[PDB]
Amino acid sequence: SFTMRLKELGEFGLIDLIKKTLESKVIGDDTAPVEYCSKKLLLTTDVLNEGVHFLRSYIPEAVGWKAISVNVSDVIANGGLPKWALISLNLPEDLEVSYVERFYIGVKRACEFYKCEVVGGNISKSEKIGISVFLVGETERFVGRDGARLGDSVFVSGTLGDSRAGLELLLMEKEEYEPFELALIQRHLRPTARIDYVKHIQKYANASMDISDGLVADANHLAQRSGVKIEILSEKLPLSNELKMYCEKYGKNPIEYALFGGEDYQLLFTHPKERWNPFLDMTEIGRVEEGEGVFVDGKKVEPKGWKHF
């Protein structure tokens, strides 16, 4: 047999093939805009698979919180507010009910914090834990990742690389972790969607999305969709103290974690610096110019990222 597999096709070839097979024009952003009653509902889905996004050994509460968060992150990144959610679960017959009870308590906590509601879902048995959450968002103004203008400044929220450091910390399987380390582990396990940026993005963002697979990588989605070149400056990337602590203590380059670190779930949006709002952890990292691709310090850059295939 010589017929092509997904491994050979790659995630981006897969995505393009589905879009083309569906002949859909509404698709390529973090959510799917859909007009309704003059307003625009934002639809999005996300999965967390055991062994792929988390391990059964993790604290279920954190996974339930995260299952909602990463999804709220997509709704927020396009300028919308989370409303209703559905959860589709693949659970092994031998799973502890306490794991599921606790998981949902994490779900409840997140929804109460993001102010959305889990109105239903689905159950099915399976070999391993599968968590698929669907989210419905409401928004006055949709903000894709294609409207970036030239000259615009490139801003990110929070700090980067923390999550990748937290994941490596989790893999060490230590019995005890130092306070700064738990902070990082914290960011990987219970990420928090920047739902506090809705107002801002929805009003002053020309283009926006959330960093989920790594800055450099997702930056390419932005550049491509909009049709510009992304000029990023490493020594302007918001780094974390605990991240620097982890890097000092373990011998790694912080920059390396901020450019190619995943699951940070911060935002990536562009707009005129004249629209900057100092009352938010906003951090300009680069500029939108003519050309194509993403340049870190005026250079190539692989890039590296997550990619399932």
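The first residue of the shown sequence is 1; numbering continues from there. By rigid core we mean the largest C-alpha set that fits within 1.5 Å across both forms.
In 4 other deposited structures of this protein, superposed on the rigid core, the segment with the larger root-mean-square CA displacement between 10 to 18 and 282 to 290 is 10 to 18. Of 79 to 87 and 225 to 233, the stretch whose C-alpha atoms sit farther from the shown form in 4 other deposited structures of this protein, after fitting on the rigid core, is 225 to 233. 43 to 51 and 268 to 276 differ in mean CA B-factor, and the higher of the two is recorded for 268 to 276. Here the stretch with the larger average CA B-factor, out of 67 to 75 and 200 to 208, is 200 to 208. Between the residues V100, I129, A223, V133, it is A223 that shows the highest Cα B-factor in the PDB record. In this entry, the residue among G151, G214, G166, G106 with the greatest C-alpha B factor is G151. When the CA B factors of the chain's modelled residues are split into thirds, the value for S57 lands in the lowest one. Per-chain ranking of the deposited C-alpha B factor places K229 in the highest third. For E96, the recorded CA B-factor ranks within the lowest third of the chain. Only modelled residues enter the ranking. Annotation for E176: CA B-factor lies in the highest third of the chain's modelled residues. Among the modelled residues of its chain, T139 has a C-alpha B-factor that falls in the highest third, as given in the PDB entry.
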